[PDB]
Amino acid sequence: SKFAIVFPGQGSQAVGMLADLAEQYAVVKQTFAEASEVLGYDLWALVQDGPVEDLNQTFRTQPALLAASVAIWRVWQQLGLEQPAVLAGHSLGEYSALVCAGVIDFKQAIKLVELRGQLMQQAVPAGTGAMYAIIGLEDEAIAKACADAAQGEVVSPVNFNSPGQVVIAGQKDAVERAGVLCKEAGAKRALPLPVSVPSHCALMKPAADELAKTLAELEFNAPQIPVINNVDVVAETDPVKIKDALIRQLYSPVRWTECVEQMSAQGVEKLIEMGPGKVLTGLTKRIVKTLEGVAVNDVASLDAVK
């Protein structure tokens, strides 16, 4: 195949998502119904009606996004559409990729990502962590800025999203010091992100240790379609190593630009974003200028890509 499918994460959710697709394909509401059975609440109703403040809490957003992406995947499979060459996803999206590749049972994945969200929220006391988007600065300069700012505390790049789009996170004061240094190094902008969880840095390690205990209780199978992991940019096939990659993913940076580059290096020419919004699609052509990127999350978009 000359195309890949990628799955978005936190931030891509929207009240009303997938309404159009649900009207035409019963598998959408069926997928959400399965998710609701293991969550103990009506996930479809939350997604369609809100309250949005509840949908935006990570322990609800994660299963909402996982259900959304898996529902679209199920429509794709129902139509017997050609298989993608490889899958990948951004942070939560990696779980979506693993379900679609047959590694994790969907119902079990829904409970797993709900737990993942809970552990992330409970990881550090609110107000002690911070995240900043650094725009227009080379990865090497940002790494240096973080190293100099650290001064015994945690501060590191946590997302490599596109050339010139990098997110850093860690202890609040250290991140703030790093922002100043990035600006002094020439960054165009250093944007404080409204978030309490300093995701993907060493502060999440205790939470990862707890997540590891839960992964020991769930069966993972070999991937049916290759899945490129965020932590190592590897299409891992050993299920225990896939679990290890999820554990490490939690406290390690998301190497998204490399994931996309890896897809291109293999011969993929198009990335289909399977989930709400078009966030990842915006990154695709910034990473590899020749790649085509399209989002599929409604009847119109599904129809155009068939």
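All residue numbers refer to positions in the sequence shown, first residue = 1.
Peer 1: If you average the Cα B factors in the entry, which is higher, 283-291 or 5-13?
Peer 2: Comparing averages over the C-alpha atoms only gives 283-291.
Peer 1: According to the deposited model, is the average Cα temperature factor higher in 260-268 or in 243-251?
Peer 2: If you average the C-alpha B-factors of 260-268 and of 243-251, the larger mean comes out for 260-268.
Peer 1: Can you tell me which of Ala169, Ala222, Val195, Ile225 has the highest Cα temperature factor in the record?
Peer 2: Of the candidates given, the C-alpha B-factor peaks at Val195.
Peer 1: Please pick out which of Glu114, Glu236, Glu94, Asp148 has the largest Cα B-factor as recorded in the entry.
Peer 2: In the PDB entry, the greatest C-alpha B-factor among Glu114, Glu236, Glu94, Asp148 is found at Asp148.
Peer 1: Looking at the C-alpha B-factor of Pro206, is it in the lowest, middle or highest third of its chain?
Peer 2: Its C-alpha B-factor, which the entry lists for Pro206, ranks in the highest third among residues of this chain.
Peer 1: Taking only the Cα B-factors deposited for this chain, tell me whether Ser69 sits in the lowest, middle or highest third.
Peer 2: It belongs to the lowest third of the chain when residues are ordered by C-alpha B-factor.
Peer 1: Taking the values exactly as deposited, rank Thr214 by C-alpha B-factor within its chain and report the matching third: lowest, middle or highest.
Peer 2: Ranked within chain, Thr214 CA B lands in the middle tercile.
Peer 1: What third of its chain's C-alpha B-factors does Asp232 belong to: lowest, middle or highest?
Peer 2: CA B-factor rank for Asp232: lowest third.
Peer 1: Taking the entry's C-alpha B-factors for this chain, is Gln165 in the lowest, middle or highest third?
Peer 2: As the PDB entry reports it, the C-alpha B-factor of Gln165 lands in the highest third of its chain.
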